[PDB]
Amino acid sequence: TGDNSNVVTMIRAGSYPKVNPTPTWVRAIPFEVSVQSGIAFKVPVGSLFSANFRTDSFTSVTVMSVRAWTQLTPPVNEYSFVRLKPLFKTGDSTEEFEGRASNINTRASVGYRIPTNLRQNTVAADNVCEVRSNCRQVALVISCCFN
Amino acid sequence: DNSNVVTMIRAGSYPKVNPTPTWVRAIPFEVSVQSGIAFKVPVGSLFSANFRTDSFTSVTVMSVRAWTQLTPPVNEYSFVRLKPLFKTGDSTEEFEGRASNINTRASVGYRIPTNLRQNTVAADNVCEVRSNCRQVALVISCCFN
Amino acid sequence: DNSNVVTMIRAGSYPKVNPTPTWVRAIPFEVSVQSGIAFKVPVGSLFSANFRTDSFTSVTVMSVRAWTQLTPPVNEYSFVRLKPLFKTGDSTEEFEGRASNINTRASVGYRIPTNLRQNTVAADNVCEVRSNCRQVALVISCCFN
Amino acid sequence: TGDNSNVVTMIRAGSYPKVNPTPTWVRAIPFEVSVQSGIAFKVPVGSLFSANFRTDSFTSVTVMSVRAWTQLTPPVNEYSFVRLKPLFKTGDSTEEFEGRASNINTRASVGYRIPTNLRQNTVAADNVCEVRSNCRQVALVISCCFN
Amino acid sequence: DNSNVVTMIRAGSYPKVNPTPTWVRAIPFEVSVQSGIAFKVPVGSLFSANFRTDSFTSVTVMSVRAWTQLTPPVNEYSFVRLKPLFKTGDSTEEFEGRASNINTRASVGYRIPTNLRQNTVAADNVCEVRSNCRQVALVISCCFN
Amino acid sequence: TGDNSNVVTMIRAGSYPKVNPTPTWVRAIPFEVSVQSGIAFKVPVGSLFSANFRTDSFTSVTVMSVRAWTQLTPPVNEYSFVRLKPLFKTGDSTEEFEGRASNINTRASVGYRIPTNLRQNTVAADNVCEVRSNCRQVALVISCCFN
Amino acid sequence: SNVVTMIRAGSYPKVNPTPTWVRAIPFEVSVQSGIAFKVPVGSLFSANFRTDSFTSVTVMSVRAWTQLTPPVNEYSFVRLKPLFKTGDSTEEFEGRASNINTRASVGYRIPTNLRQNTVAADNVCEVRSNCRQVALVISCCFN
RNA sequence: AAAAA
RNA sequence: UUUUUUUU
RNA sequence: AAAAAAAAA
RNA sequence: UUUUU
RNA sequence: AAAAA
RNA sequence: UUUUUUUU
RNA sequence: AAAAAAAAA
RNA sequence: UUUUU
RNA sequence: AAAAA
RNA sequence: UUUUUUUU
RNA sequence: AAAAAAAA
RNA sequence: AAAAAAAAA
RNA sequence: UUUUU
RNA sequence: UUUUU
Ligand SMILES: [Mg+2]
Ligand SMILES: [Mg+2]
Ligand SMILES: [Mg+2]
Ligand SMILES: [Mg+2]
Ligand SMILES: [Mg+2]
Ligand SMILES: [Mg+2]
């Protein structure tokens, strides 16, 4: 009910409201994972909790979607690619959502969305997905909900 | 999307990212107040791991609300005053709210105009607090950056 | 209410009160200016019992207007210049107004944008004033708090 | 004619306007008065003029309405009450606008409005109204016009 | 006015003039950045005869955009980070933009809100810059005054 | 696409745009020229380029219109007047746009507009117009385009 | 585009190397105290007005302004008595200034039938004033 | 969105 | 668009 | 059946 | 609606 | 845009 | 406008 | 078929 | 639309 | 506001 | 809504 | 002769 | 018959 | 919009 | 409408 103005204005507050000193937070976390040739890597959920993301105070998180980009150049004569295999505590998926680059100098991107019925919390000991690529590193952007 | 399995996302280029973004918050905390003496509420109280804000170093306050946290002296009704402070020049307003029931908290608050919403660091103060009660609860609405 | 007697007011709870509120004002005062020398108008001139503002210690200026208070030198028309000053960084504008009649005051003024309307204390200055006249009258629109 | 913007803008001022270094002020003054049992107290207008209200520069004021709240607890076994008898230099009123509390822990409130035909100036030597109450103190909020 | 000759102007009184007005500008310049070290971009870079702004002493920044000026290290894609700084309190945001092609610049930028658009002098800094490239080009939109 | 808000917001910038470190500037330059009795004075364009106008970095300018005001009192018993004769490198005009004051205490003003077909650049060695007046000084306000 | 084009002209048109010209001529005349000054039409034919090639002119209106200050304690005034070759008039169109520092202005319009040509020897109107140098602006048609 | 009047 | 020179 | 803010409904 | 820019 | 109810 | 004194 | 901003479409 | 004032 | 195509 | 498995 | 060719 | 500000109408 | 109709 | 974000 208050805007404009150039000086302080009195607020007619009432009863003490419902408060929460540690609220939730919807985020997209950008971090990188190194990857080997012909070998899959399980991305740990623990990478999401860090002071570099203002999330070191959380212990759980609900992932919503994962997106992966190749972070380094591919091998000689090759185009970049990156695969994603979703992992769940109730049962690992066998999908391999793959995306390849059409220009050797361009990143390779791919992503997958977690359905509502599978959006449960994950802790640092859990894994998000498996990453396969010919590039030595892969950049990730995970849309999740810390709680 | 009413679906029961993972579906592929056809991502394109790498987007603009930010690992340490801003945050609009309402921070609840308490301060001890002595009788007849004004207590300067420090900005550093907003930065704390108890509020997930220990990674921030500056904050832009939007409004300050106060509630008496303990019972008033005998035969008296609760009251609480707020005097906004600013690094460009402290104000002399004394926004006061009194309780109509001896068992009920006293409440008052003020809004900072847009032209006075600059950052404040831990060494700064937001306002002075006066009350006949020994503790005052505050719920400060601010934007951490 | 077209009534000729006192009528009862059915008051309820005690409302939020403020004994020392803010005040939007237009303060008229004069300053002495020497020829070829810029005079820094101090903010402390706004705080005075002559303006009912001796209880304030900070003020947020919105606009500054100036008028030459005395006659210009012989054969010359009056003029007056204003250079806004700010604690974050003084500006170099010289808003100038000249008189088209030797018997008429010269006038000019500037507006401070919203993003530059922060408090100023008595030790601060608002702007520099230049004129061929010995005195300049100012009517500063500000918000005392 | 000027708003928005991010820098100073030139104002094309004209003739020297009509000025007033000491303007009027409409206010609501909150102050307290102690009260005795079974004894009325005449509230002096002089309480309105003080540096605590930024009004020490005034010598006259035009009261518009008076509102009174009990400031301390009532006697044991009793509910709080407060009366108001308007006072005027042209003739004191005999009204006793009373308000009682329905909860022993709650304030008692009452007020009265001065009609336009009786809104003349009052100085420090004058009185506003008489206050009667069983509570040792009474809080007042007077809507007036200093001039 | 589709006319081919000079036409008379029926001027009246002398208008309000300003020989040193303000100026909204987009200043392009470059800075050298070392690997793993944040470079504080000084405000004094905006004041230069190369930008016709050597007559100004203060400036109000509105937005900052950055582009990597040189090629990234071998096997790496370009990136650039920006951390806005303010005299009232430095922020901790790290707005980052990465290039999807090793031969393409990385770009990112941030906007300063109205409540944080105060003047900055040459001794001040606008933001920190991090990048794997050795140089970063910036196009700062500001208002010289 | 960005306004309101109270904190910094990320801009999703793209390719490096087209830049210009030394852009043009439309200005109205106020400066004074002394004038003699019965003698014309050629106003040099070089007066427009100065650090007092933030224009010392320019070497050319396209004048659009000229306006002249008398700056000092006229001779005794006389009303003020001021004439303007436009000057052009392709051919000086013979017009004498004159304006006289109807009150001895009032300035005398006159101006002229340069047509689009004659709006070419002028350098410091060039002249704008000739000024004639009975007042010892004349004030000018030239609407031009520095480039 | 922004360059020349060709005009497909036809037969040689009707020409006139010395056409007419409507003008408003400003000039001043010296006036004595209590004496009426006859303004000669020849003052309109001058190289200072690009009119030294004309020998006749058709006057439409006359407007007068005092050019110098009035005597001490007096307000400026100026009178205009129209003159015509077919018969001098007796009107004294007078204008007075409500400010001692302000010019006194007056004028008169010539009707459309009394607008015949006048040569340099002819006079246009008498001028009276307490100021010494009344200025004139005459709207006329040179031919 | 010809010029003087 | 009151007139005159230029102007489809 | 014209643009706002500050104190008092 | 009062009143102060 | 009478007062008490 | 439920009523009573005042009130065109 | 009511007033905004911050992070995630 | 989610969610934090 | 099923999934692959 | 082009098709196939699931799906009133 | 009443549409097209080069530049915008 | 799309969102603003700065200097010049 | 230049050239050609 | 010119022009600078
Ligand atoms: Mg790759
Ligand atoms: Mg590509
Ligand atoms: Mg009580
Ligand atoms: Mg109660
Ligand atoms: Mg003059
Ligand atoms: Mg005048």
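For the numbers below, each heavy atom of this structure counts, side chains included, while hydrogens, waters and symmetry mates do not. Per chain, numbering begins at 1; letters A, B, ... match sequence-line order.
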If I take atom [atom1] in residue [X] and atom [atom2] in nucleotide [N], what distance separates them, rounded to the nearest angstrom?
{"X": "F:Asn117", "N": "H:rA2", "atom1": "CG", "atom2": "P", "value": "13 Å"}
{"X": "D:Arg113", "N": "K:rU2", "atom1": "CZ", "atom2": "P", "value": "15 Å"}
{"X": "C:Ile140", "N": "K:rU5", "atom1": "CD1", "atom2": "P", "value": "15 Å"}
{"X": "B:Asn2", "N": "P:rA3", "atom1": "CG", "atom2": "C1'", "value": "13 Å"}
{"X": "G:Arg50", "N": "H:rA4", "atom1": "CZ", "atom2": "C1'", "value": "11 Å"}
{"X": "A:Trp25", "N": "N:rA6", "atom1": "CH2", "atom2": "P", "value": "14 Å"}
{"X": "E:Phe56", "N": "S:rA6", "atom1": "CZ", "atom2": "P", "value": "14 Å"}

Checklist entry - Parallel, tilted or perpendicular: which fits the ring planes of D:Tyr112 and D:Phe97, with parallel below 30° and perpendicular above 60°? => result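 Rings of D:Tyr112 and D:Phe97: parallel, under 30°.
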Checklist entry - Is a side-chain N or O of D:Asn20 found less than 3.5 angstrom from the main chain of D:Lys18, in a donor-acceptor match? => result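 No, because the side chain of D:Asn20 does not come within donor-acceptor range (under 3.5 Å) of the backbone of D:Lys18.
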Checklist entry - Would a distance-only check, ignoring hydrogens and angles, find a side-chain to backbone donor-acceptor pair under 3.5 Å from G:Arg115 to G:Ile110? => result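 It does hold such a pair.
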Please tell me if [X] has a side-chain N or O lying less than 4.0 Å from either OP1 or OP2 of [N].
{"X": "A:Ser65", "N": "N:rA8", "answer": "no"}
{"X": "B:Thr22", "N": "N:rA6", "answer": "no"}
{"X": "F:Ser5", "N": "N:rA6", "answer": "yes"}
{"X": "C:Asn4", "N": "L:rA2", "answer": "no"}
{"X": "F:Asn4", "N": "N:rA4", "answer": "no"}

Item to check | P-based separation of J:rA4 from K:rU1 [nearest Å] | outcome: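 K:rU1 and J:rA4 have their P atoms separated by 13 Å.
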Next on the checklist: Would a student be right to call J:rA5 and J:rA6 stacked, given the definition of ring centres under 5.5 angstrom and plane angle under 30°?
Outcome noted: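 Yes, the six-membered rings of J:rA5 and J:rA6 stack, since their centres lie under 5.5 Å apart and their planes differ by under 30°.
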Item to check | For A:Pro115, side chain to side chain contact (heavy atoms under 4.5 Å, CB included) partners two or more places apart | outcome: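 For A:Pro115, the residues satisfying side chain to side chain contact (heavy atoms under 4.5 Å, CB included) (neighbours in sequence not counted) are A:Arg113, A:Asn117, A:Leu118, B:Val6.
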Which nucleotide, [options], lies nearest any side-chain atom of [X]?
{"X": "G:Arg8", "options": "T:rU4, N:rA8, S:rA5", "answer": "T:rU4"}
{"X": "D:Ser143", "options": "I:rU5, J:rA8, I:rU3", "answer": "J:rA8"}
{"X": "B:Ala26", "options": "O:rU5, S:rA7, I:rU3", "answer": "O:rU5"}

Checklist entry - Under 4.0 angstrom, heavy atoms only, what part of the nucleic acid is B:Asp1 near: base, sugar-phosphate, or nothing? => result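 The answer is sugar-phosphate, as B:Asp1 gets under 4.0 Å only of primed atoms, P, OP1 or OP2.
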Next on the checklist: Nearest 0.5 Å, please: how far is OG1 in G:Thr51 from CD1 in G:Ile25?
Outcome noted: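 G:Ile25 atom CD1 to G:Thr51 atom OG1 measures 5.5 Å (nearest 0.5 Å).
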Next on the checklist: Going strictly by the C1'-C2'-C3'-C4' torsion (positive north, negative south), how would you label M:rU1?
Outcome noted: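 South is the answer for M:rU1, its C1'-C2'-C3'-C4' torsion being negative.
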